[PDB]
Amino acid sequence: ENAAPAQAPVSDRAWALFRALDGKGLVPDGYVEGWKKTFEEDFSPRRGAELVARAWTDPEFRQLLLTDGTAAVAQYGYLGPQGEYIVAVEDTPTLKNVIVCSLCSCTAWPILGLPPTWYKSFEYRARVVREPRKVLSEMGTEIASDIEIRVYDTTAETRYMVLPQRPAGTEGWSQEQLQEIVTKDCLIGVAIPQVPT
């Protein structure tokens, strides 16, 4: 009762699907290898970090990113699959934003990278929309009670990034210095950028 079905090892199944298709001429030469390379090397939270650092140091760009995220991202050439219609959401002294895909895993791939295992977990998918303050606390981020938390559930084609507040102690930093403290988790919204001692 309630037992798992019999299954061949997952690697054997995944490569059987590849070979069944490839052996029918349906997969172009180098196709899956090219996607692997794009997923590993191109789609990256370093891109979202660059965007945040530019917004922090350029008021005109910040306004553009918050009003027409797609256009802002296109200036950098970072539109792409799962990242064609972009909305950036601004943290403020009284608002903390957080992104999820409760139904699956939807994420702004090109500028955040592919989602991490934890973001696709049933725990995150179930809990963050109902108890975001406790989830973030457990993950290491305390959001005071004077801050509204707003959770964006990625249920259609909009793809989100968080624009975190810029921390004190970074005045005058270069775009490169700023980028370094904007992490993947800051873009998803579960972390706040940290400034060293």
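Position 1 is the first residue in the sequence shown; the rest follow in order.
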Problem set entry | Stretch exceeding the other in mean C-alpha B-factor - 153 to 161, 53 to 61 | 53 to 61
Exercise. Which of the two stretches, 10 to 18 or 170 to 178, shows the higher mean Cα temperature factor in the record?
Worked result: 170 to 178
Problem set entry | Cα B factor band for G30 (lowest, middle or highest third within the chain) | highest
Exercise. According to the PDB entry, is the CA B factor of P93 in the bottom, middle or top third of its chain, that is, lowest, middle or highest?
Worked result: highest
Exercise. How does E142 rank on Cα B-factor within its chain, lowest, middle or highest third?
Worked result: highest
Exercise. Would the CA B-factor of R46 place it in the lowest, middle or highest third of its chain?
Worked result: middle
Exercise. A71's Cα B-factor: lowest, middle or highest third of the chain?
Worked result: highest
